[PDB]
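Engineer: Enclosed is the structure file structure.txt (compact mmCIF, C-alpha atoms and all ligand atoms).
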```txt
# COMPACT_ATOMS: atom_id res chain seq x y z
CA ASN B 1 0.00 0.00 0.00
CA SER B 2 2.79 2.43 0.89
CA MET B 3 3.99 2.45 -2.72
CA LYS B 4 0.42 3.06 -3.92
CA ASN B 5 0.19 6.45 -2.15
CA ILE B 6 1.80 9.68 -3.25
CA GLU B 7 3.44 10.22 0.14
CA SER B 8 6.05 7.67 -1.03
CA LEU B 9 7.13 9.72 -4.04
CA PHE B 10 8.64 12.74 -2.25
CA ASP B 11 11.50 13.86 -0.05
CA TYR B 12 10.26 16.21 2.68
CA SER B 13 11.84 19.28 4.21
CA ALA B 14 12.34 19.30 7.94
CA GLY B 15 9.49 21.80 8.28
CA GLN B 16 7.12 19.79 6.08
CA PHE B 17 7.86 16.57 7.92
CA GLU B 18 7.51 18.05 11.42
CA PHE B 19 4.28 19.85 10.50
CA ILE B 20 2.73 16.51 9.47
CA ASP B 21 3.98 14.83 12.64
CA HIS B 22 2.70 17.68 14.82
CA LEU B 23 -0.69 17.53 13.05
CA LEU B 24 -1.17 13.84 13.82
CA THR B 25 0.02 13.99 17.45
CA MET B 26 -2.07 17.07 18.18
CA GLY B 27 -5.03 15.15 16.77
CA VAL B 28 -4.26 12.35 19.21
CA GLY B 29 -4.25 14.92 21.99
CA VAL B 30 -7.58 16.48 21.07
CA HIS B 31 -9.39 13.14 20.72
CA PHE B 32 -8.14 11.77 24.05
CA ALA B 33 -8.84 15.04 25.86
CA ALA B 34 -12.44 15.01 24.57
CA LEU B 35 -12.82 11.32 25.52
CA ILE B 36 -12.43 12.30 29.17
CA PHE B 37 -15.10 14.99 28.69
CA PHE B 38 -17.54 12.52 27.04
CA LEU B 39 -16.85 10.02 29.83
CA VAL B 40 -17.30 12.53 32.66
CA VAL B 41 -20.56 13.98 31.27
CA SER B 42 -22.19 10.59 30.60
CA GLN B 43 -23.50 10.69 34.18
CA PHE B 44 -25.52 13.79 33.21
CA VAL B 45 -27.22 11.87 30.38
CA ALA B 46 -30.58 10.18 30.87
CA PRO B 47 -30.68 6.41 30.32
CA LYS B 48 -32.46 6.54 26.96
CA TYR B 49 -29.65 8.73 25.52
CA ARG B 50 -26.50 7.71 27.40
CA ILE B 51 -25.46 5.34 24.60
CA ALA B 52 -24.95 8.39 22.37
CA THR B 53 -22.31 9.88 24.66
CA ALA B 54 -20.85 6.37 25.00
CA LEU B 55 -20.55 6.13 21.20
CA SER B 56 -18.47 9.35 21.20
CA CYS B 57 -16.07 7.72 23.67
CA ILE B 58 -15.64 4.82 21.21
CA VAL B 59 -15.15 7.24 18.30
CA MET B 60 -12.56 9.18 20.30
CA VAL B 61 -10.32 6.21 21.22
CA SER B 62 -10.72 4.70 17.75
CA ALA B 63 -9.59 7.89 15.98
CA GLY B 64 -6.93 8.60 18.61
CA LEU B 65 -5.39 5.14 18.22
CA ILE B 66 -5.21 5.27 14.41
CA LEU B 67 -3.85 8.82 14.39
CA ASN B 68 -1.24 7.78 16.95
CA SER B 69 -0.51 4.72 14.80
CA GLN B 70 -0.15 7.02 11.78
CA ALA B 71 2.24 9.34 13.64
CA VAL B 72 4.55 6.47 14.65
CA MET B 73 4.35 4.86 11.21
CA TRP B 74 5.23 8.31 9.83
CA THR B 75 8.41 8.70 11.87
CA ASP B 76 9.41 5.03 11.38
CA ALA B 77 9.33 5.24 7.58
CA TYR B 78 11.43 8.38 6.99
CA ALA B 79 14.90 9.42 8.13
CA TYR B 80 16.72 12.75 7.87
CA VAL B 81 19.57 12.17 5.40
CA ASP B 82 21.54 14.84 3.54
CA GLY B 83 19.24 17.69 4.44
CA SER B 84 15.82 16.10 3.85
CA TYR B 85 13.53 13.41 5.21
CA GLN B 86 13.69 10.44 2.80
CA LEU B 87 11.75 7.15 2.77
CA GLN B 88 13.52 4.24 4.49
CA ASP B 89 10.76 1.67 5.04
CA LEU B 90 7.30 1.27 3.35
CA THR B 91 5.20 1.41 6.55
CA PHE B 92 3.01 4.49 5.99
CA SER B 93 -0.26 4.73 4.07
CA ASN B 94 -3.57 6.54 4.52
CA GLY B 95 -5.29 3.15 4.15
CA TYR B 96 -5.72 2.85 7.92
CA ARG B 97 -7.80 6.03 8.02
CA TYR B 98 -10.26 4.17 5.78
CA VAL B 99 -10.37 1.45 8.48
CA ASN B 100 -10.83 4.23 11.11
CA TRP B 101 -13.77 5.53 9.00
CA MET B 102 -15.17 1.98 8.62
CA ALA B 103 -15.79 1.61 12.37
CA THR B 104 -16.28 5.23 13.48
CA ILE B 105 -18.88 6.10 10.82
CA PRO B 106 -21.42 3.47 12.06
CA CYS B 107 -20.99 4.97 15.54
CA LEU B 108 -21.42 8.57 14.40
CA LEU B 109 -24.59 7.69 12.49
CA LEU B 110 -26.03 5.62 15.35
CA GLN B 111 -25.68 8.43 17.97
CA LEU B 112 -27.52 10.81 15.56
CA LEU B 113 -30.47 8.43 15.18
CA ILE B 114 -30.66 7.97 18.96
CA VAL B 115 -30.93 11.69 19.69
CA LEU B 116 -33.57 11.87 16.96
CA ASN B 117 -35.78 9.64 19.19
CA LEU B 118 -36.08 6.92 16.58
CA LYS B 119 -36.68 3.50 18.11
CA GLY B 120 -37.79 -0.02 17.36
CA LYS B 121 -38.01 -1.27 13.80
CA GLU B 122 -37.31 2.14 12.28
CA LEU B 123 -34.08 2.54 14.26
CA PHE B 124 -32.79 -0.84 13.02
CA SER B 125 -33.90 -0.50 9.39
CA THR B 126 -32.63 3.07 9.03
CA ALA B 127 -29.28 2.23 10.65
CA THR B 128 -28.97 -0.82 8.40
CA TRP B 129 -29.41 1.13 5.16
CA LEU B 130 -27.26 4.01 6.43
CA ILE B 131 -24.35 1.77 7.50
CA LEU B 132 -24.61 -0.23 4.26
CA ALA B 133 -24.38 2.92 2.13
CA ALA B 134 -21.59 4.25 4.35
CA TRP B 135 -19.49 1.09 4.00
CA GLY B 136 -20.12 1.14 0.25
CA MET B 137 -18.80 4.70 0.16
CA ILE B 138 -15.70 3.77 2.17
CA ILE B 139 -14.79 0.56 0.37
CA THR B 140 -15.15 2.06 -3.11
CA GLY B 141 -13.12 5.02 -1.87
CA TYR B 142 -10.49 2.69 -0.39
CA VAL B 143 -10.14 0.87 -3.72
CA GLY B 144 -9.90 4.24 -5.49
CA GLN B 145 -7.01 5.61 -3.46
CA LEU B 146 -4.90 2.53 -4.28
CA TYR B 147 -4.63 4.09 -7.73
CA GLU B 148 -3.78 7.66 -6.77
CA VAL B 149 -0.24 7.14 -8.10
CA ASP B 150 -0.60 4.69 -10.96
CA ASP B 151 -4.11 5.32 -12.32
CA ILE B 152 -5.62 8.72 -11.63
CA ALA B 153 -8.45 8.05 -14.10
CA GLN B 154 -9.30 4.93 -12.07
CA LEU B 155 -9.24 6.94 -8.81
CA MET B 156 -11.83 9.34 -10.28
CA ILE B 157 -14.27 6.59 -11.29
CA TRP B 158 -14.10 4.86 -7.92
CA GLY B 159 -14.61 8.33 -6.49
CA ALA B 160 -17.72 8.85 -8.61
CA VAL B 161 -19.20 5.55 -7.43
CA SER B 162 -18.34 6.39 -3.81
CA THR B 163 -19.99 9.81 -4.23
CA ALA B 164 -23.16 8.02 -5.30
CA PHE B 165 -23.24 6.18 -1.97
CA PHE B 166 -22.44 9.49 -0.23
CA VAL B 167 -25.38 11.31 -1.82
CA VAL B 168 -27.90 8.57 -1.03
CA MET B 169 -26.54 8.48 2.54
CA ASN B 170 -26.99 12.24 3.00
CA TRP B 171 -30.52 11.99 1.64
CA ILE B 172 -31.54 9.42 4.26
CA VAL B 173 -29.89 11.40 7.07
CA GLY B 174 -31.48 14.62 5.87
CA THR B 175 -34.99 13.19 5.46
CA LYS B 176 -34.97 11.51 8.87
CA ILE B 177 -33.79 14.66 10.63
CA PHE B 178 -36.37 16.97 9.05
CA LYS B 179 -39.29 14.54 9.53
CA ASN B 180 -38.31 13.82 13.15
CA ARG B 181 -37.15 17.09 14.65
CA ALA B 182 -40.68 17.77 15.97
CA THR B 183 -40.12 14.90 18.42
CA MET B 184 -37.06 16.69 19.85
CA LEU B 185 -37.30 18.16 23.34
CA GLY B 186 -35.70 21.08 25.14
CA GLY B 187 -35.73 23.11 21.94
CA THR B 188 -33.20 20.76 20.36
CA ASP B 189 -35.35 20.74 17.22
CA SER B 190 -33.41 23.84 16.21
CA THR B 191 -30.05 22.36 17.20
CA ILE B 192 -30.26 19.14 15.16
CA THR B 193 -30.66 21.25 12.01
CA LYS B 194 -27.31 22.95 12.67
CA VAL B 195 -25.79 19.50 13.20
CA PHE B 196 -26.96 18.46 9.73
CA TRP B 197 -25.10 21.34 8.09
CA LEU B 198 -22.00 20.69 10.20
CA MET B 199 -22.12 17.15 8.80
CA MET B 200 -22.47 18.37 5.22
CA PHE B 201 -19.49 20.70 5.56
CA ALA B 202 -17.11 18.46 7.50
CA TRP B 203 -17.86 15.25 5.61
CA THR B 204 -17.34 17.00 2.25
CA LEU B 205 -13.74 17.90 3.20
CA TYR B 206 -12.77 14.22 2.84
CA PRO B 207 -13.61 14.00 -0.90
CA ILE B 208 -11.66 17.23 -1.46
CA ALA B 209 -8.62 15.78 0.32
CA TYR B 210 -9.16 12.51 -1.60
CA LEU B 211 -8.61 14.38 -4.88
CA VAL B 212 -5.35 16.06 -3.80
CA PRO B 213 -3.28 13.65 -5.97
CA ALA B 214 -5.05 15.07 -9.03
CA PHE B 215 -4.63 18.83 -8.50
CA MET B 216 -1.52 18.91 -6.28
CA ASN B 217 0.91 15.98 -6.75
CA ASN B 218 3.85 17.28 -4.72
CA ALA B 219 5.07 17.39 -1.14
CA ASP B 220 3.01 20.52 -0.45
CA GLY B 221 -0.12 18.64 -1.53
CA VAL B 222 0.79 15.91 0.94
CA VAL B 223 0.85 18.51 3.69
CA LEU B 224 -2.48 20.03 2.51
CA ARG B 225 -4.31 16.69 2.52
CA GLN B 226 -3.14 15.92 6.07
CA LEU B 227 -4.27 19.41 7.07
CA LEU B 228 -7.69 18.91 5.47
CA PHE B 229 -7.94 15.47 7.12
CA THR B 230 -7.24 17.14 10.49
CA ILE B 231 -9.87 19.85 10.07
CA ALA B 232 -12.37 17.24 8.86
CA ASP B 233 -11.54 14.83 11.70
CA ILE B 234 -11.92 17.40 14.47
CA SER B 235 -15.14 18.66 12.87
CA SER B 236 -16.89 15.39 11.97
CA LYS B 237 -15.82 13.59 15.17
CA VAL B 238 -15.14 16.03 18.03
CA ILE B 239 -17.33 19.08 17.37
CA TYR B 240 -20.09 16.87 16.00
CA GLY B 241 -19.75 14.77 19.17
CA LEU B 242 -20.02 17.79 21.44
CA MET B 243 -23.27 18.87 19.76
CA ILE B 244 -24.77 15.37 20.00
CA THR B 245 -23.89 15.51 23.71
CA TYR B 246 -25.50 18.91 24.24
CA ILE B 247 -28.69 17.58 22.60
CA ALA B 248 -28.45 14.42 24.73
CA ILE B 249 -28.20 16.41 27.95
CA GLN B 250 -30.81 19.05 27.04
CA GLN B 251 -33.39 16.44 26.05
CA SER B 252 -32.54 14.51 29.23
CA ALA B 253 -33.17 17.57 31.38
CA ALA B 254 -36.43 18.39 29.56
CA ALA B 255 -37.47 14.75 30.05
CA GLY B 256 -37.14 14.82 33.84
CA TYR B 257 -33.60 13.50 34.52
CA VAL B 258 -32.32 15.36 37.57
CA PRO B 259 -28.56 15.07 36.78
CA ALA B 260 -29.22 16.72 33.40
CA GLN B 261 -31.44 19.38 34.97
CA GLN B 262 -28.91 20.09 37.72
CA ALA B 263 -25.80 19.73 35.56
CA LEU B 264 -26.94 22.53 33.26
CA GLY B 265 -27.55 24.70 36.34
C1 LIG J 301 -22.99 -3.68 -11.84
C2 LIG J 301 -22.78 -2.35 -11.11
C3 LIG J 301 -23.75 -2.23 -9.96
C4 LIG J 301 -23.92 -0.75 -9.56
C5 LIG J 301 -25.01 -0.57 -8.54
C6 LIG J 301 -24.45 -0.03 -7.21
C7 LIG J 301 -24.88 1.43 -7.04
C8 LIG J 301 -26.12 1.51 -6.12
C9 LIG J 301 -26.25 2.93 -5.59
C10 LIG J 301 -27.24 3.29 -4.83
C11 LIG J 301 -28.33 2.27 -4.46
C12 LIG J 301 -29.45 2.95 -3.66
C13 LIG J 301 -30.75 2.16 -3.84
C14 LIG J 301 -31.93 2.95 -3.22
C15 LIG J 301 -32.47 2.23 -1.99
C16 LIG J 301 -32.13 3.02 -0.74
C17 LIG J 301 -32.86 2.42 0.46
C18 LIG J 301 -33.60 3.53 1.19
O1 LIG J 301 -34.16 4.38 0.56
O2 LIG J 301 -33.64 3.55 2.59
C19 LIG J 301 -33.69 4.84 3.17
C20 LIG J 301 -35.02 5.05 3.86
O3 LIG J 301 -35.21 6.43 4.14
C21 LIG J 301 -35.08 4.28 5.18
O4 LIG J 301 -36.23 3.46 5.18
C1 LIG J 302 -20.66 11.38 -9.18
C2 LIG J 302 -21.53 12.61 -8.99
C3 LIG J 302 -23.01 12.22 -9.14
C4 LIG J 302 -23.88 13.48 -9.29
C5 LIG J 302 -24.27 13.99 -7.91
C6 LIG J 302 -25.34 15.07 -8.06
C7 LIG J 302 -26.38 14.96 -6.96
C8 LIG J 302 -26.01 15.86 -5.76
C9 LIG J 302 -27.33 16.40 -5.17
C10 LIG J 302 -27.59 16.46 -3.84
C11 LIG J 302 -26.57 15.98 -2.79
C12 LIG J 302 -27.34 15.34 -1.65
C13 LIG J 302 -27.93 16.42 -0.77
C14 LIG J 302 -28.81 15.78 0.30
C15 LIG J 302 -29.34 16.90 1.21
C16 LIG J 302 -30.36 16.36 2.17
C17 LIG J 302 -31.68 16.11 1.44
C18 LIG J 302 -32.84 16.27 2.39
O1 LIG J 302 -32.64 16.40 3.55
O2 LIG J 302 -34.19 16.23 1.93
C19 LIG J 302 -34.99 17.23 2.47
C20 LIG J 302 -36.40 16.71 2.69
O3 LIG J 302 -36.99 16.48 1.45
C21 LIG J 302 -37.19 17.73 3.48
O4 LIG J 302 -38.45 17.16 3.90
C1 LIG J 303 -6.80 20.72 23.20
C2 LIG J 303 -8.00 20.91 24.12
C3 LIG J 303 -9.27 20.58 23.32
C4 LIG J 303 -10.36 20.06 24.27
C5 LIG J 303 -11.40 19.30 23.45
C6 LIG J 303 -12.79 19.84 23.77
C7 LIG J 303 -13.24 19.30 25.14
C8 LIG J 303 -14.58 19.90 25.49
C9 LIG J 303 -14.37 21.30 26.10
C10 LIG J 303 -15.39 22.08 26.43
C11 LIG J 303 -16.83 21.66 26.21
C12 LIG J 303 -17.58 22.81 25.53
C13 LIG J 303 -18.84 22.25 24.85
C14 LIG J 303 -19.89 21.85 25.89
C15 LIG J 303 -21.09 21.17 25.21
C16 LIG J 303 -22.31 21.29 26.08
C17 LIG J 303 -22.22 20.32 27.25
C18 LIG J 303 -23.31 20.62 28.25
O1 LIG J 303 -24.47 20.49 27.96
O2 LIG J 303 -22.97 21.11 29.52
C19 LIG J 303 -22.62 20.10 30.43
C20 LIG J 303 -21.77 20.71 31.54
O3 LIG J 303 -20.47 20.96 31.06
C21 LIG J 303 -21.71 19.75 32.72
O4 LIG J 303 -21.55 20.49 33.90
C1 LIG J 304 -14.18 10.52 10.48
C2 LIG J 304 -15.66 10.59 10.19
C3 LIG J 304 -16.19 10.52 8.96
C4 LIG J 304 -17.67 10.61 8.85
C5 LIG J 304 -15.42 10.34 7.69
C6 LIG J 304 -16.12 10.45 6.56
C7 LIG J 304 -15.60 10.24 5.23
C8 LIG J 304 -16.14 10.50 4.07
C9 LIG J 304 -17.50 11.17 4.01
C10 LIG J 304 -15.48 10.20 2.79
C11 LIG J 304 -16.07 10.29 1.61
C12 LIG J 304 -15.46 9.99 0.28
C13 LIG J 304 -16.16 10.14 -0.83
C14 LIG J 304 -17.51 10.81 -0.84
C15 LIG J 304 -15.68 9.94 -2.24
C16 LIG J 304 -14.16 9.92 -2.26
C17 LIG J 304 -13.67 8.93 -1.24
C18 LIG J 304 -14.13 9.29 0.19
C19 LIG J 304 -14.23 8.00 0.97
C20 LIG J 304 -13.04 10.19 0.80
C1 LIG J 305 -25.33 -6.05 8.13
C2 LIG J 305 -25.36 -4.63 8.67
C3 LIG J 305 -26.43 -4.46 9.73
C4 LIG J 305 -25.98 -3.53 10.86
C5 LIG J 305 -26.94 -3.57 12.03
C6 LIG J 305 -26.59 -2.50 13.06
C7 LIG J 305 -27.79 -1.59 13.37
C8 LIG J 305 -27.89 -1.30 14.87
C9 LIG J 305 -29.10 -0.50 15.14
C10 LIG J 305 -29.41 -0.01 16.51
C11 LIG J 305 -28.99 -0.82 17.71
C12 LIG J 305 -29.51 -0.16 19.00
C13 LIG J 305 -28.39 0.69 19.62
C14 LIG J 305 -28.71 1.20 21.01
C15 LIG J 305 -30.20 1.25 21.32
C16 LIG J 305 -30.47 2.16 22.52
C17 LIG J 305 -30.85 1.33 23.76
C18 LIG J 305 -30.61 2.15 25.01
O1 LIG J 305 -30.88 3.39 25.03
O2 LIG J 305 -30.15 1.61 26.05
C1 LIG J 306 -15.35 12.59 -6.16
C2 LIG J 306 -16.18 12.95 -7.40
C3 LIG J 306 -15.55 12.30 -8.62
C4 LIG J 306 -15.89 13.08 -9.89
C5 LIG J 306 -15.05 12.58 -11.09
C6 LIG J 306 -15.28 13.46 -12.29
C7 LIG J 306 -15.53 12.64 -13.55
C8 LIG J 306 -14.23 12.48 -14.39
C9 LIG J 306 -13.92 13.76 -15.09
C10 LIG J 306 -12.89 13.78 -16.15
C11 LIG J 306 -11.85 12.68 -16.26
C12 LIG J 306 -10.56 13.27 -16.79
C13 LIG J 306 -9.82 12.28 -17.71
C14 LIG J 306 -8.33 12.50 -17.66
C15 LIG J 306 -7.53 11.20 -17.61
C16 LIG J 306 -6.37 11.33 -16.62
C17 LIG J 306 -5.18 10.44 -17.01
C18 LIG J 306 -3.92 11.09 -16.50
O1 LIG J 306 -3.30 11.94 -17.18
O2 LIG J 306 -3.47 10.78 -15.36
```
Translate the structure described by the file into structure tokens.
Ligand SMILES: CCCCCCCC/C=C\CCCCCCCC(=O)OC[C@H](O)CO
Ligand SMILES: CCCCCCCC/C=C\CCCCCCCC(=O)OC[C@H](O)CO
Ligand SMILES: CCCCCCCC/C=C\CCCCCCCC(=O)OC[C@H](O)CO
Ligand SMILES: *C\C=C(C)/C=C/C=C(C)/C=C/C1=C(C)CCCC1(C)C
Ligand SMILES: CCCCCCCC/C=C\CCCCCCCC(=O)O
Ligand SMILES: CCCCCCCC/C=C\CCCCCCCC(=O)O

Structural biologist:
Amino acid sequence: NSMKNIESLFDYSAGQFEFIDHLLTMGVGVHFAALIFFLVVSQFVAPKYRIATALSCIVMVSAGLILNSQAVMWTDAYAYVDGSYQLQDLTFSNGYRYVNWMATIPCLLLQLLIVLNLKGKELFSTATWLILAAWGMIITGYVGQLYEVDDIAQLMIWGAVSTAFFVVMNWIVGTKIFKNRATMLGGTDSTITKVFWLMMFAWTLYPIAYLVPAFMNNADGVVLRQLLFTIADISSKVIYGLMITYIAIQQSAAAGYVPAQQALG
């Protein structure tokens, strides 16, 4: 895989290399710092919603582990020789992010449906179609990015197929939110709508980063993609998580859960 990604084609300046490393390790720090928040505030969440704030904990450690794995793979593969960082061992590839997305995406979607007050047979059927489209988007994307060096034309077609799964996924999410936000308590019917647009923005940064090999095949493009991945990660995972927690707590309080009522005090 390492030879299939453009990162393997370049020598990096000390600044370039250490900006990538600092990006990944700061991402580890943000995800593990928020995990403690999600854990501590789960006691303020009513029983019917607490799983949502538990799913953020799982998303945090999952993303933190892979990002930490990426950072160590990054510094294992390259060595400073003759004024630049040069590849020594093929041990780095963005493929593991696609495995991070494969597990974290189901979690992110499931916490949304829970705070939407879906239950029963609709919760299981909607989650099933959503996860299935999501995995289809990830797998087709994963196969695409194997060609970002050799076959750009092939990366664009796998991207078009993945985008089809993306669009159908956003349509289900969107429809369920707008048809169910009347069920939301504590005024969260206005908050879930701002979560939907956060999703649209943050999740669209990934396809843009995905196409970096086509409009910026050079070491600077490598740095840009990692930057875009960082902004998208913190947005789609952390900030999104915080808002799902706020909704969880506010609906808990409005539902008669004293810890939520008193925590917001
Ligand atoms: C030979 C090549 C084969 C290429 C073919 C692969 C591409 C299929 C793409 C989209 C399928 C979407 C089908 C539409 C069904 C979606 C299910 C649905 O609508 O569920 C959401 C609903 O809101 C909850 O009940
Ligand atoms: C390979 C490229 C293929 C071509 C791609 C072109 C299609 C893109 C169009 C829309 C994106 C999906 C946007 C989904 C936004 C949410 C929809 C929604 O929420 O529906 C509102 C509902 O109807 C209220 O009651
Ligand atoms: C590098 C450091 C990055 C740190 C990473 C961010 C960690 C979260 C920080 C503040 C939460 C602000 C958002 C609060 C969301 C609302 C929660 C709520 O409803 O209030 C509960 C109250 O905090 C219970 O006493
Ligand atoms: C870390 C959390 C999330 C939700 C990551 C989401 C990733 C995507 C929405 C990626 C989408 C892609 C598409 C639409 C087409 C090109 C290949 C990608 C997989 C990057
Ligand atoms: C083959 C792919 C099928 C994937 C199936 C996974 C769908 C899971 C759907 C929802 C499971 C319920 C999650 C938590 C319910 C909340 C219960 C509680 O509040 O204690
Ligand atoms: C993520 C959305 C994907 C959208 C893809 C757009 C559809 C493809 C558009 C034009 C293809 C351009 C053909 C050029 C062949 C490139 C071969 C090369 O020189 O490397």

Engineer: Under the rule of at most 8 Å, produce a per-residue listing of chain B near ligand LIG 305 (chain J): chain, number, name, the closest pair of atoms, and the distance in Å, as a Markdown table, using only C-alpha atoms and all ligand atoms.

Structural biologist:
```
| residue | atom | partner | partner_atom | distance |
| --- | --- | --- | --- | --- |
| B:47 | CA | J:LIG305 | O1 | 6.1 |
| B:48 | CA | J:LIG305 | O1 | 4.0 |
| B:49 | CA | J:LIG305 | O1 | 5.5 |
| B:50 | CA | J:LIG305 | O1 | 6.6 |
| B:51 | CA | J:LIG305 | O1 | 5.8 |
| B:106 | CA | J:LIG305 | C6 | 8.0 |
| B:110 | CA | J:LIG305 | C10 | 6.7 |
| B:114 | CA | J:LIG305 | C16 | 6.8 |
| B:119 | CA | J:LIG305 | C15 | 7.6 |
| B:123 | CA | J:LIG305 | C10 | 5.8 |
| B:124 | CA | J:LIG305 | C9 | 4.3 |
| B:125 | CA | J:LIG305 | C7 | 7.4 |
| B:126 | CA | J:LIG305 | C9 | 7.9 |
| B:127 | CA | J:LIG305 | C7 | 4.9 |
| B:128 | CA | J:LIG305 | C3 | 4.6 |
| B:129 | CA | J:LIG305 | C3 | 7.8 |
| B:131 | CA | J:LIG305 | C4 | 6.5 |
| B:132 | CA | J:LIG305 | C2 | 6.3 |
```

Engineer: Can you tell me which residues sit at most 7 Å away from ligand LIG 303 (chain J), counting only C-alpha atoms and all ligand atoms, written as a PyMOL selection string?

Structural biologist: chain B and resi 29-30+33-34+37+41+242-243+245-246+249-250+263-264

Engineer: Taking only residues of chain B that have an atom at most 6 Å from an atom of ligand LIG 306 (chain J), what is each one's shortest atom pair and its distance in Å to one decimal, using only C-alpha atoms and all ligand atoms, in chain and number order, as a tab-separated table?

Structural biologist:
```
residue	atom	partner	partner_atom	distance
B:152	CA	J:LIG306	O2	4.8
B:153	CA	J:LIG306	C16	4.6
B:156	CA	J:LIG306	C5	4.6
B:159	CA	J:LIG306	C1	4.3
B:160	CA	J:LIG306	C3	4.1
B:163	CA	J:LIG306	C1	5.7
B:207	CA	J:LIG306	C1	5.7
```

Engineer: Would you write out those residues with C-alpha atoms, as an mmCIF file, keeping the file's coordinate frame?

Structural biologist:
```cif
data_model
loop_
_atom_site.group_PDB
_atom_site.id
_atom_site.type_symbol
_atom_site.label_atom_id
_atom_site.label_comp_id
_atom_site.auth_asym_id
_atom_site.auth_seq_id
_atom_site.Cartn_x
_atom_site.Cartn_y
_atom_site.Cartn_z
ATOM 1 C CA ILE B 152 -5.620 8.720 -11.630
ATOM 2 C CA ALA B 153 -8.450 8.050 -14.100
ATOM 3 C CA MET B 156 -11.830 9.340 -10.280
ATOM 4 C CA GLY B 159 -14.610 8.330 -6.490
ATOM 5 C CA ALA B 160 -17.720 8.850 -8.610
ATOM 6 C CA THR B 163 -19.990 9.810 -4.230
ATOM 7 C CA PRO B 207 -13.610 14.000 -0.900
#
```

Engineer: From the list B:240, B:181, B:196, B:205, which residue is nearest residue 225 (chain B) when using all atoms listed in the file?

Structural biologist: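 Nearest to residue 225 (chain B): B:205.
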
Engineer: Would you please work out which residue, of B:122, B:9, B:233, B:166, is nearest to residue 66 (chain B) when using all atoms listed in the file?

Structural biologist: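 Closest residue, counting all atoms listed in the file: B:233.
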
Engineer: Quote the spacing between atom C15 of ligand LIG 304 (chain J) and CA of residue 145 (chain B) in Å to one decimal place.

Structural biologist: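 Calculated distance between atom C15 of ligand LIG 304 (chain J) and CA of residue 145 (chain B) is 9.8 Å.
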